[PDB]
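These notes concern the structure reproduced below.
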Amino acid sequence: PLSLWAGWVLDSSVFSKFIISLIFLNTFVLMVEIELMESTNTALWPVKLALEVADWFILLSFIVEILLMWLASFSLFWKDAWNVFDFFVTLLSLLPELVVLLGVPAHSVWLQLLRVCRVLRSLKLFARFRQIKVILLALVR
Amino acid sequence: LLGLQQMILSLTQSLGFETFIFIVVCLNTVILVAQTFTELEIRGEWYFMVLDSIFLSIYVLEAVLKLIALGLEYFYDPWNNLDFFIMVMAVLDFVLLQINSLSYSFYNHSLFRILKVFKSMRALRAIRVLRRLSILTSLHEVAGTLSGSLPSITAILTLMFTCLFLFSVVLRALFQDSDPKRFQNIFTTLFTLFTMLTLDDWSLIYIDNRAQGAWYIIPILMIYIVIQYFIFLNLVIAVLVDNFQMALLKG
Amino acid sequence: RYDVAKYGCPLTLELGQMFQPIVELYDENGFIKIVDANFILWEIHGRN
Amino acid sequence: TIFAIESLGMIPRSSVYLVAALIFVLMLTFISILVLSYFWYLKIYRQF
Amino acid sequence: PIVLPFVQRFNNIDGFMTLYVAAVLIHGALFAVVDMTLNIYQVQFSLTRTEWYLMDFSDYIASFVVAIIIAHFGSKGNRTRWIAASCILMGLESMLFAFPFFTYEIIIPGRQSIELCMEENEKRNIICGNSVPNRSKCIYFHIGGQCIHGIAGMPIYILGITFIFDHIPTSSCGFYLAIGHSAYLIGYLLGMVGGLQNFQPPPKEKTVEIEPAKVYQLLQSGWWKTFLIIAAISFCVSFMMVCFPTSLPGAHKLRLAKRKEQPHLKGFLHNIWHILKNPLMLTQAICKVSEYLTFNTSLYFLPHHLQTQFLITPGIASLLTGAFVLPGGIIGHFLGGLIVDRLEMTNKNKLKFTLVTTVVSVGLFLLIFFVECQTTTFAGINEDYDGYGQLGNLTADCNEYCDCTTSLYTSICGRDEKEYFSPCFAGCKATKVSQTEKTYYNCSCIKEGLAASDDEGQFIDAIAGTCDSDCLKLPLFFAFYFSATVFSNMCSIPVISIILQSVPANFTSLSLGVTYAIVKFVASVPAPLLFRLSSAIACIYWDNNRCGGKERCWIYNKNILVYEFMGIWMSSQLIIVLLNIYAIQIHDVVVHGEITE
């Protein structure tokens with residue numbers, strides 16, 4: 001198991017399709033909930049709450065993703081390439097759950113910065129094309 | 001009337017498509033450019049739409065001939081797909097006007113706006129099929145050298161799309177309860193980010209945001225403006241300059 | 001305990017709206033004029 | 001003069017446990033899927 | 001002269017399986033209708049709960065006395081003919097159950113008893129009990145219907161699974177068992193849905209006292225329609241299955257492929273000796289007994305738990321327990337079958353898999369108990385009515401004025417967060433009723449109260465039903481019950497797959513009957529007595545003033561009932577775990593002895 005399991009779930013095309021589907025579903029859902037949080041549609045209120053809680057479930061999927069990352073080289077991954085930036089962004093995206101469970105966010109929440117951080121991480125971990133990659137290499141050099 | 005009908009249709013289609021289609025589309029273009037023309041329509045408005053219906057009947061005859069023609073390879077042409085789409089909306093709005101009665105709003109409504117823009121790509125397709133001859137080789141080569149680097153510019157516009165969407169999300173998030181009245185929804189948001197991307201009264205944004213209580217949103221807008229400007233404009237300019245530069249290096 | 005003989009019929013105001021307390025003078029036969037003065041509002045018991 | 005105002009607000013039900021039920025349904029289904037994939041890979045690791 | 005390809009495809013194994021699914025579905029629908037029909041019959045037709053227990057046990061004892069005899073009969077004769085005979089007896093049973101609800105609908109009506117009750121008197125309509133006459137005939141009809149129902153329904157569940165065992169490979173035996181159990185489960189769901197869509201009163205629920213009489217007519221009319229429909233469907237299924245040939249072509253092809261590469265009392269005794277000598281069968285039998293006991297206890301106890309803890313009205317509580325015990329159960333059965341079918345599970349791996357499933361189910365039950373340890377809103381039992389009267393002040397002048405009967409007392413909720421039994425005793429002599437809600441007017445025996453309330457055309461309105469302010473634990477408990485039902489339904493399929501392995505092909509008929517005898521006699525007979533003993537332990541404060549011999553209680557002690565039922569469930573699950581940990585070692589020893597590598 002462990003590293004073999006991480007390799008198998010990375011090699012399987014069903015897991016990659018599922019995670020990218022969850023990624024773009026979360027990005028599409030994210031802007032919907034901020035549009036209306038009132039009693040304009042009573043029948044659409046519990047399902048909108050369920051959509052926000054589906055986003056919380058995507059955060060739990062990020063938790064099991066970092067569990068799969070713990071299954072990898074563990075302590076060696078603490079200092080690496082942009083994957084460690086992705087790990088830090090996922091930690092910052094898990095943080096709003098803690099700051100609403102114990103922080104009482106009637107203050108400068110700064111949930112929006114972490115939200116846009118996880119949004120940009122999702123928009124960069126979208127299986128970027130080679131035409132994007134070559135122009136990105138040109139831009140970084 | 002199978003393959004024999006197909007080859008008869010091919011020969012007579014060449015002949016009648018060279019002869020009949022050119023003159024009737026030229027007349028349709030003449031009446032349409034005399035029609036759009038919002039000074040002579042009051043010197044008209046009665047001899048105009050009858051000719052529209054007549055030439056739309058001619059166009060649906062073109063559609064009927066193309067449907068009875070060879071079929072699949074005709075569909076394989078994207079311009080012919082656009083023609084089929086245009087004829088679909090043409091028969092749709094024609095029968096909508098023909099049935100009358102109905103139960104929705106009328107007398108120059110939004111659907112009528114959709115119809116006259118439908119007649120606008122009808123005029124565009126007439127213009128496109130009138131230029132079968134004398135497209136001029138100089139601008140033909142210019143257009144080919146324009147279209148040579150399609151993947152690079154499509155990648156750059158995808159990048160600029162992702163960057164604008166990210167900037168829209170972060171600015172709408174940071175501007176909550178900070179008088180959203182200019183950009184209260186997603187459309188007006190992305191339009192304000194379009195103005196910020198097109199250098200349009202963002203200095204006015206700075207001066208009327210200093211009147212508000214938030215000041216740190218101005219450096220954020222500042223750095224976002226300057227990085228997206230320099231990166232995108234420089235990338236597109238460089239890409240198209242080099243694309244024409246290999247063409248210059250060749251013959 | 002709230003009531004009507006000492007407190008009157010209460011308002012049934014919907015979700016948040018705009019209200020101006022505007023008061024007019026009245027005596028004996030009927031009202032005299034609208035009142036332009038300086039007003040103070042206070043709750044019966046006390047809130048913040 | 002006296003007057004009493006009763007204005008409706010927007011304090012709804014929290015429904016936090018109502019949606020925590022959905023949370024629990026979801027990660028139980030994910031655990032069941034992981035267990036099914038676990039047993040499948042226990043069947044198919046002996047080939048390698 | 002029927003040589004049609006339709007026949008040549010209908011004699012295939014899938015053709016048999018389709019009619020078996022249909023028969024199991026209609027049997028489940030009929031059983032689900034019959035159980036609640038008997039319950040409402042006992043509630044409405046003025047009888048005692050001991051008779052409900054008696055005619056519920058009649059079906060179980062009929063199944064017990066028919067199982068062994070029909071296994072012995074089908075072990076020597078054709079299974080198809082006995083299945084057709086059972087379906088014929090089933091179709092007769094449905095009409096025999098329908099007949100009393102149409103012939104004897106004038107036993108206890110609201111006002112139609114014109115011989116001894118008169119319309120202008122209210123007290124004389126509830127006395128002069130002529131309903132007790134012409135009821136013993138209905139009791140005889142129902143006990144005969146239950147007997148013939150068991151005798152006609154059991155062989156099916158015996159011989160259909162026998163057909164699956166003897167003529168389907170083990171790669172699809174699990175699938176067929178899973179879809180048969182799912183057919184029974186969805187039959188239970190569909191039958192309860194059809195029953196409760198008609199027994200419940202129409203949207204004119206809250207009219208004058210002709211409403212109970214018209215409900216009394218309507219429920220028997222609906223049962224009369226549904227039972228005749230079920231009888232016609234069963235007779236059509238029996239006639240279609242009669243045309244099936246004895247020698248199945250696919251079964252004969254399977255037997256020809258597998259050929260290559262007298263049930264005497266002495267043989268019966270030798271078979272019982274082999275069963276008793278092999279301790280795996282005994283372990284699986286006691287495990288199935290405990291699983292069935294836990295499932296039946298949960299099904300009987302969950303609606304009562306909802307009423308006593310979450311304030312869930314009986315029919316709504318039973319509807320919730322039903323409609324949310326199926327989506328977990330059918331998925332668990334399907335997964336349990338499909339895992340074995342796809343992965344070709346072995347016996348030791350099956351035992352380990354069942355042990356793991358039972359361990360996680362025990363953990364989930366512990367989590368359920370931990371959640372139940374939380375507090376909730378309390379209704380009643382407030383240590384006397386605020387000092388005004390004692391426990392027994394319910395028979396006051398307000399109770400006497402409007403002539404309330406203590407057997408149908410509901411819960412009203414005042415505006416001062418105090419809940420009162422007997423809303424008519426609460427002092428409300430006026431009842432003006434809205435289209436979607438029941439309420440009471442001019443309440444005088446109530447406390448001060450009148451905190452906020454709400455009305456447009458009048459005032460002083462006490463709403464009906466039990467008010468709840470903290471009911472968010474119910475979805476959490478329902479999700480935990482989903483998981484528990486999944487892991488309870490998923491354990492049974494590997495047990496039956498184990499049962500298949502240790503029995504040869506020629507004797508596989510009697511194993512199902514041997515297990516089902518212990519299912520219906522050892523488990524199903526003393527379990528209701530134990531449930532009644534636990535219920536009597538919990539319900540100490542019976543209604544001794546009028547109700548008398550423990551027929552209706554009011555104070556259901558939540559902590560004591562939760563603790564006792566959870567102790568019983570934990571003891572049963574630990575018995576299952578201990579049996580599995582014995583059987584793992586036993587099967588390992590047997591495998592080592594038979595391999596001796």
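Ordering of the structure tokens sets the chain letters (A, B, ...), residue numbers begin anew at 1 in every chain, and ligands are numbered from 1 in the order given.
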Could you tell me which residues of chain D sit within 6 Å of chain C when counting only C-alpha atoms, and give me the result as a ChimeraX atom specification?
/D:4-9
Just want the 6 Å neighbourhood of range 566-580 of chain E, counted on only C-alpha atoms, with same-chain residues fewer than 3 positions away dropped. Output as a ChimeraX atom specification.
/E:283,287,290,562-563,583
Output N, CA and C atoms for every residue in that selection, as a CSV table (one decimal), in the first residue's frame.
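As a result, part-v6.csv now contains:
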```
chain,number,residue,atom,x,y,z
E,283,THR,N,-23.1,-22.3,13.8
E,283,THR,CA,-22.7,-20.9,14.0
E,283,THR,C,-23.4,-19.9,13.0
E,287,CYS,N,-26.0,-17.0,14.0
E,287,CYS,CA,-25.7,-15.7,13.5
E,287,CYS,C,-26.9,-15.1,12.7
E,290,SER,N,-29.6,-14.2,15.2
E,290,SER,CA,-29.3,-12.9,15.9
E,290,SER,C,-29.5,-11.7,14.9
E,562,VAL,N,-33.6,3.5,25.6
E,562,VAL,CA,-32.4,3.5,24.8
E,562,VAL,C,-31.3,2.6,25.4
E,563,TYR,N,-31.1,2.6,26.7
E,563,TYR,CA,-30.1,1.8,27.4
E,563,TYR,C,-30.4,0.3,27.2
E,583,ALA,N,-15.9,-19.5,14.4
E,583,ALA,CA,-16.1,-20.2,13.1
E,583,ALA,C,-14.9,-20.0,12.3
```
Residues of chain E within 8 Å of chain D, counting only C-alpha atoms - could you list those as an MDAnalysis selection string?
chainID E and resid 343 472:476 478:479 483
Could you take the residues named above and write them with C-alpha atoms, as a CSV table (one decimal), in the first residue's frame?
```csv
chain,number,residue,atom,x,y,z
E,343,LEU,CA,-14.4,-11.1,-7.0
E,472,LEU,CA,-31.8,18.4,14.0
E,473,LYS,CA,-30.6,15.1,15.5
E,474,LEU,CA,-33.1,13.2,13.3
E,475,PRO,CA,-31.2,13.5,10.0
E,476,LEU,CA,-28.0,12.5,11.7
E,478,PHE,CA,-31.2,8.7,9.9
E,479,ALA,CA,-27.7,8.7,8.2
E,483,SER,CA,-25.0,2.9,7.5
```
Write out as a PyMOL selection string all residues of chain C that DSSP puts in strand (DSSP E) for this structure's backbone.
chain C and resi 24-27+30-34
If we count only C-alpha atoms, which residues of chain E reach to within 12 Å of chain C? Please list them as a PyMOL selection string.
chain E and resi 448-452+454+456
